[PDB]
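Structure file work_34.cif with mmCIF, C-alpha atoms and all ligand atoms; chains and numbers go by the auth columns:
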data_entry
#
loop_
_atom_site.group_PDB
_atom_site.id
_atom_site.type_symbol
_atom_site.label_atom_id
_atom_site.label_comp_id
_atom_site.label_asym_id
_atom_site.label_seq_id
_atom_site.Cartn_x
_atom_site.Cartn_y
_atom_site.Cartn_z
_atom_site.B_iso_or_equiv
_atom_site.auth_seq_id
_atom_site.auth_asym_id
ATOM 1 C CA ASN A 1 -23.414 88.582 -104.947 0.00 1 Z
ATOM 2 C CA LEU A 2 -24.595 86.479 -107.888 0.00 2 Z
ATOM 3 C CA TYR A 3 -22.283 88.349 -110.280 0.00 3 Z
ATOM 4 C CA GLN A 4 -19.214 88.205 -107.992 0.00 4 Z
ATOM 5 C CA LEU A 5 -19.901 84.486 -107.661 0.00 5 Z
ATOM 6 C CA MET A 6 -19.661 84.267 -111.447 0.00 6 Z
ATOM 7 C CA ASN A 7 -16.151 85.667 -111.239 0.00 7 Z
ATOM 8 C CA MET A 8 -14.985 83.323 -108.512 0.00 8 Z
ATOM 9 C CA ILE A 9 -16.035 80.563 -110.862 0.00 9 Z
ATOM 10 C CA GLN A 10 -14.182 82.401 -113.643 0.00 10 Z
ATOM 11 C CA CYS A 11 -11.118 82.996 -111.410 0.00 11 Z
ATOM 12 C CA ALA A 12 -10.760 79.318 -110.425 0.00 12 Z
ATOM 13 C CA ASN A 13 -11.617 77.136 -113.436 0.00 13 Z
ATOM 14 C CA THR A 14 -11.418 76.678 -117.206 0.00 14 Z
ATOM 15 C CA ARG A 15 -15.125 75.957 -117.596 0.00 17 Z
ATOM 16 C CA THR A 16 -17.292 78.936 -118.456 0.00 18 Z
ATOM 17 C CA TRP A 17 -20.496 80.286 -116.838 0.00 19 Z
ATOM 18 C CA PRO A 18 -23.362 78.678 -118.904 0.00 20 Z
ATOM 19 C CA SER A 19 -21.365 75.565 -118.160 0.00 21 Z
ATOM 20 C CA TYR A 20 -22.949 75.581 -114.722 0.00 22 Z
ATOM 21 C CA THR A 21 -26.153 77.546 -115.266 0.00 23 Z
ATOM 22 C CA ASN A 22 -28.058 74.296 -115.712 0.00 24 Z
ATOM 23 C CA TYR A 23 -26.189 71.060 -114.979 0.00 25 Z
ATOM 24 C CA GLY A 24 -27.283 67.989 -113.067 0.00 26 Z
ATOM 25 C CA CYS A 25 -30.064 68.188 -110.453 0.00 27 Z
ATOM 26 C CA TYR A 26 -28.844 71.123 -108.340 0.00 28 Z
ATOM 27 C CA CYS A 27 -26.607 73.409 -110.373 0.00 29 Z
ATOM 28 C CA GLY A 28 -28.980 76.229 -111.209 0.00 30 Z
ATOM 29 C CA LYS A 29 -31.965 77.767 -109.388 0.00 31 Z
ATOM 30 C CA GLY A 30 -33.347 75.465 -106.691 0.00 32 Z
ATOM 31 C CA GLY A 31 -32.752 71.738 -106.622 0.00 33 Z
ATOM 32 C CA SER A 32 -34.631 68.461 -106.661 0.00 34 Z
ATOM 33 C CA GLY A 33 -33.870 64.765 -106.369 0.00 35 Z
ATOM 34 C CA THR A 34 -30.503 63.364 -105.345 0.00 36 Z
ATOM 35 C CA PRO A 35 -27.261 65.011 -106.564 0.00 37 Z
ATOM 36 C CA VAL A 36 -25.929 63.345 -109.762 0.00 38 Z
ATOM 37 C CA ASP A 37 -22.148 63.346 -109.400 0.00 39 Z
ATOM 38 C CA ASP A 38 -19.779 65.360 -107.284 0.00 40 Z
ATOM 39 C CA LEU A 39 -20.076 68.540 -109.296 0.00 41 Z
ATOM 40 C CA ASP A 40 -23.803 68.468 -108.648 0.00 42 Z
ATOM 41 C CA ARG A 41 -22.892 67.826 -104.997 0.00 43 Z
ATOM 42 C CA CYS A 42 -21.012 71.097 -105.132 0.00 44 Z
ATOM 43 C CA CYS A 43 -24.241 72.772 -106.158 0.00 45 Z
ATOM 44 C CA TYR A 44 -26.232 70.959 -103.469 0.00 46 Z
ATOM 45 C CA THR A 45 -24.024 72.266 -100.693 0.00 47 Z
ATOM 46 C CA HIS A 46 -23.791 75.747 -102.187 0.00 48 Z
ATOM 47 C CA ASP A 47 -27.579 75.828 -102.062 0.00 49 Z
ATOM 48 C CA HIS A 48 -27.697 74.817 -98.413 0.00 50 Z
ATOM 49 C CA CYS A 49 -24.983 77.325 -97.615 0.00 51 Z
ATOM 50 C CA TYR A 50 -27.269 79.989 -99.092 0.00 52 Z
ATOM 51 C CA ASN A 51 -30.205 78.813 -97.005 0.00 53 Z
ATOM 52 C CA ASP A 52 -28.176 79.150 -93.799 0.00 54 Z
ATOM 53 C CA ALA A 53 -26.902 82.558 -94.888 0.00 55 Z
ATOM 54 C CA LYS A 54 -30.489 83.690 -95.016 0.00 56 Z
ATOM 55 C CA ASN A 55 -30.496 83.100 -91.238 0.00 57 Z
ATOM 56 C CA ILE A 56 -28.518 86.269 -90.753 0.00 58 Z
ATOM 57 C CA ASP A 57 -30.467 89.482 -90.305 0.00 59 Z
ATOM 58 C CA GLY A 58 -30.731 91.465 -93.542 0.00 60 Z
ATOM 59 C CA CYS A 59 -28.865 88.763 -95.399 0.00 61 Z
ATOM 60 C CA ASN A 60 -29.690 87.938 -99.014 0.00 62 Z
ATOM 61 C CA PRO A 61 -26.830 85.850 -100.412 0.00 63 Z
ATOM 62 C CA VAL A 62 -28.164 86.423 -103.903 0.00 64 Z
ATOM 63 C CA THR A 63 -27.706 90.190 -103.744 0.00 65 Z
ATOM 64 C CA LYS A 64 -25.242 90.777 -100.904 0.00 66 Z
ATOM 65 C CA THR A 65 -22.029 92.432 -102.009 0.00 67 Z
ATOM 66 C CA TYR A 66 -18.866 91.369 -100.202 0.00 68 Z
ATOM 67 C CA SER A 67 -15.151 92.164 -100.436 0.00 69 Z
ATOM 68 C CA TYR A 68 -13.062 89.484 -102.111 0.00 70 Z
ATOM 69 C CA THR A 69 -9.833 89.212 -104.062 0.00 71 Z
ATOM 70 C CA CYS A 70 -8.771 87.146 -107.041 0.00 72 Z
ATOM 71 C CA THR A 71 -5.361 86.164 -108.348 0.00 73 Z
ATOM 72 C CA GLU A 72 -5.939 83.372 -110.868 0.00 74 Z
ATOM 73 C CA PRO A 73 -6.807 80.872 -109.485 0.00 75 Z
ATOM 74 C CA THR A 74 -6.506 81.804 -105.831 0.00 76 Z
ATOM 75 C CA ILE A 75 -9.401 83.771 -104.307 0.00 77 Z
ATOM 76 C CA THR A 76 -9.696 85.441 -100.888 0.00 78 Z
ATOM 77 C CA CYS A 77 -12.495 86.803 -98.661 0.00 79 Z
ATOM 78 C CA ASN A 78 -11.544 90.063 -96.968 0.00 80 Z
ATOM 79 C CA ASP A 79 -14.758 90.448 -94.927 0.00 81 Z
ATOM 80 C CA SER A 80 -14.330 90.478 -91.172 0.00 82 Z
ATOM 81 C CA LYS A 81 -16.867 92.795 -89.532 0.00 83 Z
ATOM 82 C CA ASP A 82 -19.877 91.988 -91.753 0.00 84 Z
ATOM 83 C CA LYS A 83 -21.061 88.476 -90.754 0.00 85 Z
ATOM 84 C CA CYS A 84 -23.307 88.173 -93.787 0.00 86 Z
ATOM 85 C CA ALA A 85 -20.697 89.357 -96.280 0.00 87 Z
ATOM 86 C CA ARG A 86 -18.250 86.757 -94.990 0.00 88 Z
ATOM 87 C CA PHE A 87 -20.644 83.806 -94.656 0.00 89 Z
ATOM 88 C CA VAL A 88 -21.793 84.403 -98.242 0.00 90 Z
ATOM 89 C CA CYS A 89 -18.289 84.938 -99.636 0.00 91 Z
ATOM 90 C CA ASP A 90 -17.111 81.657 -98.147 0.00 92 Z
ATOM 91 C CA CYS A 91 -20.263 80.071 -99.554 0.00 93 Z
ATOM 92 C CA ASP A 92 -19.348 81.250 -103.041 0.00 94 Z
ATOM 93 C CA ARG A 93 -15.630 80.652 -102.575 0.00 95 Z
ATOM 94 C CA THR A 94 -16.118 77.066 -101.485 0.00 96 Z
ATOM 95 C CA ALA A 95 -18.324 76.501 -104.510 0.00 97 Z
ATOM 96 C CA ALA A 96 -15.835 77.885 -107.101 0.00 98 Z
ATOM 97 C CA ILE A 97 -13.091 75.736 -105.669 0.00 99 Z
ATOM 98 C CA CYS A 98 -15.449 72.735 -105.504 0.00 100 Z
ATOM 99 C CA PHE A 99 -16.270 73.236 -109.161 0.00 101 Z
ATOM 100 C CA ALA A 100 -12.699 73.486 -110.374 0.00 102 Z
ATOM 101 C CA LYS A 101 -11.974 70.243 -108.548 0.00 103 Z
ATOM 102 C CA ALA A 102 -14.889 68.176 -109.849 0.00 104 Z
ATOM 103 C CA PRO A 103 -14.998 66.429 -113.251 0.00 105 Z
ATOM 104 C CA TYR A 104 -17.433 67.653 -115.871 0.00 106 Z
ATOM 105 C CA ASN A 105 -19.687 64.974 -117.283 0.00 107 Z
ATOM 106 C CA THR A 106 -21.355 66.133 -120.458 0.00 108 Z
ATOM 107 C CA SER A 107 -24.267 63.722 -120.135 0.00 109 Z
ATOM 108 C CA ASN A 108 -25.501 65.439 -116.991 0.00 110 Z
ATOM 109 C CA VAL A 109 -25.739 68.794 -118.731 0.00 111 Z
ATOM 110 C CA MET A 110 -29.538 68.833 -118.825 0.00 112 Z
ATOM 111 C CA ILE A 111 -31.106 65.901 -116.960 0.00 113 Z
ATOM 112 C CA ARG A 112 -33.326 68.405 -115.109 0.00 114 Z
ATOM 113 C CA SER A 113 -37.036 67.605 -114.821 0.00 115 Z
ATOM 114 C CA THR A 114 -36.097 64.603 -116.896 0.00 116 Z
ATOM 115 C CA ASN A 115 -37.005 62.145 -114.073 0.00 117 Z
ATOM 116 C CA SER A 116 -33.878 61.380 -112.079 0.00 118 Z
ATOM 117 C CA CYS A 117 -34.370 64.516 -109.931 0.00 119 Z
ATOM 118 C CA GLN A 118 -37.667 63.410 -108.348 0.00 120 Z
HETATM 119 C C1 LIG B . -30.112 79.828 -111.713 0.00 1 W
HETATM 120 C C2 LIG B . -28.992 80.804 -112.002 0.00 1 W
HETATM 121 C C3 LIG B . -27.859 80.504 -111.044 0.00 1 W
HETATM 122 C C4 LIG B . -26.511 79.965 -110.631 0.00 1 W
HETATM 123 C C5 LIG B . -26.217 78.549 -110.228 0.00 1 W
HETATM 124 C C6 LIG B . -24.746 78.467 -109.882 0.00 1 W
HETATM 125 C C7 LIG B . -24.599 77.063 -109.385 0.00 1 W
HETATM 126 O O1 LIG B . -24.531 75.829 -109.964 0.00 1 W
HETATM 127 O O2 LIG B . -24.586 77.200 -107.987 0.00 1 W
HETATM 128 NA NA NA B . -30.041 74.821 -106.795 0.00 2 W
#
Encoded form (structure tokens):
Amino acid sequence: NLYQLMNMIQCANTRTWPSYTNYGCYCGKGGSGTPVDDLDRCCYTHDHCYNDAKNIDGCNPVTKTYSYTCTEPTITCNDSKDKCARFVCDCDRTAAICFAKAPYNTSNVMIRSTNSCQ
């Protein structure tokens, strides 16, 4: 779920939401070019995770609601029986964690369509 994903990001980092809404070549809707740094690489993978998720019947990562738990900054996926809920939760979980780990370069904030993401 796009909103739950927001919270995993909230639950695992210091950096706010708009902080990722549009950063580098892949953080944000769709992606082009080659990832910029490793934070953008987090977004690249997330993306791909979402594409694979779509390979599950009736599975829309973007709107699927799963069961997860947060205890700043640890987050857990409680889905077992719903294959889509779990695949998507791990997708989002892995991203949040990936984000908290990566450095935040302020010069990559809006290089979109600017030519490096061909
Ligand atoms: C385009 C609005 C979406 C969220 C992008 C979150 C991210 O960097 O994966
Ligand atoms: Na993207």
- Query: Using the chain letters and numbers from the file, which residues does the PyMOL selection byres (((not hetatm)) within 8 of (chain W and resi 2)) grab, as a PyMOL selection string?
  - Reply: chain Z and resi 27-34+45-46+48-49
Just C-alpha atoms for this one: save the residues we selected as a short mmCIF file (atom, residue, chain, number, x, y, z; two decimals), keeping the file's coordinate frame.
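Here's the written file out-v7.cif:
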data_model
loop_
_atom_site.label_atom_id
_atom_site.label_comp_id
_atom_site.auth_asym_id
_atom_site.auth_seq_id
_atom_site.Cartn_x
_atom_site.Cartn_y
_atom_site.Cartn_z
CA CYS Z 27 -30.06 68.19 -110.45
CA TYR Z 28 -28.84 71.12 -108.34
CA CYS Z 29 -26.61 73.41 -110.37
CA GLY Z 30 -28.98 76.23 -111.21
CA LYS Z 31 -31.96 77.77 -109.39
CA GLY Z 32 -33.35 75.46 -106.69
CA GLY Z 33 -32.75 71.74 -106.62
CA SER Z 34 -34.63 68.46 -106.66
CA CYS Z 45 -24.24 72.77 -106.16
CA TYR Z 46 -26.23 70.96 -103.47
CA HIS Z 48 -23.79 75.75 -102.19
CA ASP Z 49 -27.58 75.83 -102.06
#
Can you tell me, as JSON, the centre and edge lengths (Å, one decimal) of the axis-aligned box enclosing all of ligand LIG 1 (chain W)'s listed atoms after padding each side by 4 Å?
{"center_x": -27.3, "center_y": 78.3, "center_z": -110.0, "size_x": 13.6, "size_y": 13.0, "size_z": 12.0}
Compile a residue-level contact table for chain Z against ligand LIG 1 (chain W) at a cut-off of 12 Å, reporting for every qualifying residue the shortest atom pair and its distance in Å to one decimal, with all atoms listed in the file counted, rows ordered by chain and ascending number, as a tab-separated table.
residue	atom	partner	partner_atom	distance
Z:1	CA	W:LIG1	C4	10.8
Z:2	CA	W:LIG1	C4	7.3
Z:3	CA	W:LIG1	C4	9.4
Z:4	CA	W:LIG1	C4	11.3
Z:5	CA	W:LIG1	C6	8.0
Z:6	CA	W:LIG1	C6	7.9
Z:7	CA	W:LIG1	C6	11.3
Z:8	CA	W:LIG1	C6	11.0
Z:9	CA	W:LIG1	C6	9.0
Z:10	CA	W:LIG1	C6	11.9
Z:18	CA	W:LIG1	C6	11.4
Z:19	CA	W:LIG1	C6	8.4
Z:20	CA	W:LIG1	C4	8.9
Z:21	CA	W:LIG1	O1	8.8
Z:22	CA	W:LIG1	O1	5.0
Z:23	CA	W:LIG1	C5	5.1
Z:24	CA	W:LIG1	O1	6.9
Z:25	CA	W:LIG1	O1	7.1
Z:26	CA	W:LIG1	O1	8.9
Z:27	CA	W:LIG1	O1	9.4
Z:28	CA	W:LIG1	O1	6.6
Z:29	CA	W:LIG1	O1	3.2
Z:30	CA	W:LIG1	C5	3.7
Z:31	CA	W:LIG1	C1	3.6
Z:32	CA	W:LIG1	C1	7.4
Z:33	CA	W:LIG1	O1	9.8
Z:37	CA	W:LIG1	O1	11.7
Z:40	CA	W:LIG1	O1	11.8
Z:41	CA	W:LIG1	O1	8.6
Z:42	CA	W:LIG1	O1	7.5
Z:43	CA	W:LIG1	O1	9.6
Z:44	CA	W:LIG1	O1	7.6
Z:45	CA	W:LIG1	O2	4.8
Z:46	CA	W:LIG1	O2	7.9
Z:47	CA	W:LIG1	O2	8.8
Z:48	CA	W:LIG1	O2	6.0
Z:49	CA	W:LIG1	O2	6.8
Z:50	CA	W:LIG1	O2	10.3
Z:51	CA	W:LIG1	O2	10.4
Z:52	CA	W:LIG1	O2	9.7
Z:63	CA	W:LIG1	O2	11.7
Z:64	CA	W:LIG1	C3	9.3
Z:93	CA	W:LIG1	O2	9.9
Z:94	CA	W:LIG1	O2	8.3
Z:95	CA	W:LIG1	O2	11.0
Z:96	CA	W:LIG1	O2	10.7
Z:97	CA	W:LIG1	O2	7.2
Z:98	CA	W:LIG1	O2	8.8
Z:99	CA	W:LIG1	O2	11.8
Z:100	CA	W:LIG1	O2	10.5
Z:101	CA	W:LIG1	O1	8.7
Z:111	CA	W:LIG1	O1	11.3
- Message: Residues within 12 Å of residue 58 (chain Z), please, as a VMD selection string. Count all atoms listed in the file; anything in the same chain fewer than 2 positions from it doesn't count.
- Response: chain Z and resid 51 to 56 60 to 63 66 84 to 90
- Can you list what the PyMOL selection byres (((chain Z and resi 72) around 9) and not hetatm) grabs from this structure, as a ChimeraX atom specification? /Z:7-8,11-12,70-71,73-78
Same residues, C-alpha atoms, output as an mmCIF file, in the coordinates of the input:
data_model
loop_
_atom_site.group_PDB
_atom_site.id
_atom_site.type_symbol
_atom_site.label_atom_id
_atom_site.label_comp_id
_atom_site.auth_asym_id
_atom_site.auth_seq_id
_atom_site.Cartn_x
_atom_site.Cartn_y
_atom_site.Cartn_z
ATOM 1 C CA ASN Z 7 -16.151 85.667 -111.239
ATOM 2 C CA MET Z 8 -14.985 83.323 -108.512
ATOM 3 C CA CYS Z 11 -11.118 82.996 -111.410
ATOM 4 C CA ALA Z 12 -10.760 79.318 -110.425
ATOM 5 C CA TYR Z 70 -13.062 89.484 -102.111
ATOM 6 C CA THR Z 71 -9.833 89.212 -104.062
ATOM 7 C CA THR Z 73 -5.361 86.164 -108.348
ATOM 8 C CA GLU Z 74 -5.939 83.372 -110.868
ATOM 9 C CA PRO Z 75 -6.807 80.872 -109.485
ATOM 10 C CA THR Z 76 -6.506 81.804 -105.831
ATOM 11 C CA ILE Z 77 -9.401 83.771 -104.307
ATOM 12 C CA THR Z 78 -9.696 85.441 -100.888
#
- Interatomic distance (Å, one decimal) between CA of residue 80 (chain Z) and CA of residue 67 (chain Z):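 Those two atoms sit 11.9 Å apart.
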- Query: Which value, in Å to one decimal, gives the distance between CA of residue 57 (chain Z) and CA of residue 69 (chain Z)?
  - Reply: 20.1 Å
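Atom pair CA of residue 92 (chain Z) / CA of residue 79 (chain Z): separated by 6.9 Å.
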